[PDB]
C-alpha cells in the first residue's frame, strides 16, 4: 500500500525516456541533472540508475552501489569524477539518495550524512544525450569494461519514489521495454 516500490532481481532493468512530447509536460546538452530515489537492499555491488546514450563515446551520469557504498560517477567530455557516500547502504532498510550536477559540480547524500561534493576536470560542462535513462542495470553493456564490476552487476533489491529533474518517474507505466513487473517485499 502507498509507495509502490518495485523489486529488482538481478536481470531486471527498465528503460525510460524522459524529455519528449508525450502528452502533458536531436541531441541534448543538459547543464544539469537532479536525481532522487529510495532503495532497500542487501547488495554490496550493483547499478541503480544510468542516464546516457550507452555508446562508448557518450558522456554519462550514473549511480551504483560499489563495495557497500553508493557512488555517483559521470563523464562530460573531460574524464570522470567519483562521488562516494560514507553511509553503508546494504542494511536491507529503505534509504534515501539525493544527487545533482550543476555543470561540473555535483553532490551526493545518502541518508542524512553531509553531502559529498566535487567537480569533473575543467573542460566540458554539459551532458550530451538523447534522454536515455535506465534503472537496475543496462542494455548496452560493452561500455562497462572501464568501470568496476559493480556497474556490470544488475541491482538486487527494491526501488521507489524516483524523481528525475522535477518530474516523478512512474516505474511501471513509463518503462519502455516491457519488463517483468514484480512488486516489492
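Residue numbering: from 1, along the chain as shown.
In case you wondered, yes, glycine gets a Cβ from its N, Cα and C as well.
Straight from Swiss-Prot, the features:
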- 23: site 'Alternative splice site to produce 'B' isoforms' (SITE)
- 59, 76, 126, 128: Ca(2+) binding site (BINDING)
- 158-184: disulfide bond (DISULFID)
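The Cβ of residue 158 (disulfide bond) has 19 neighbouring Cβ atoms from other residues within 10 Å, across all protein chains displayed. Neighbour counts of Cβ atoms within 10 Å were compared across the binding-site residues 59, 128; the minimum falls on 128.
Taking the recorded positions 23, 126 in turn, the residue surrounded by the fewest other Cβ atoms inside 10 Å of its Cβ turns out to be 23. The CA atom of residue 126 (Ca(2+) binding site) is located 31 Å away from the CA atom of residue 158 (disulfide bond). When Cα-Cα distances from residue 23 (site 'Alternative splice site to produce 'B' isoforms') are compared across the binding-site residues 59, 76, 128, the shortest belongs to 128. Calculated from the flanking Cα atoms, the unmodelled 5-residue segment between residue 25 and residue 26 spans 18 Å.
In this structure, the C-alpha atom of residue 184 (disulfide bond) lies 35 angstrom from that of residue 76 (Ca(2+) binding site). For the recorded Ca(2+) site, residues 59, 76, 126, 128 set the reference point as the centre of their Cβ atoms, and the other residues of that chain within 8 Å of it by Cβ are 29, 30, 75, 77, 124, 125, 127, 129. When Cβ neighbours within 10 Å are tallied across all protein chains shown, the highest count among the recorded positions 76, 184 belongs to 76.
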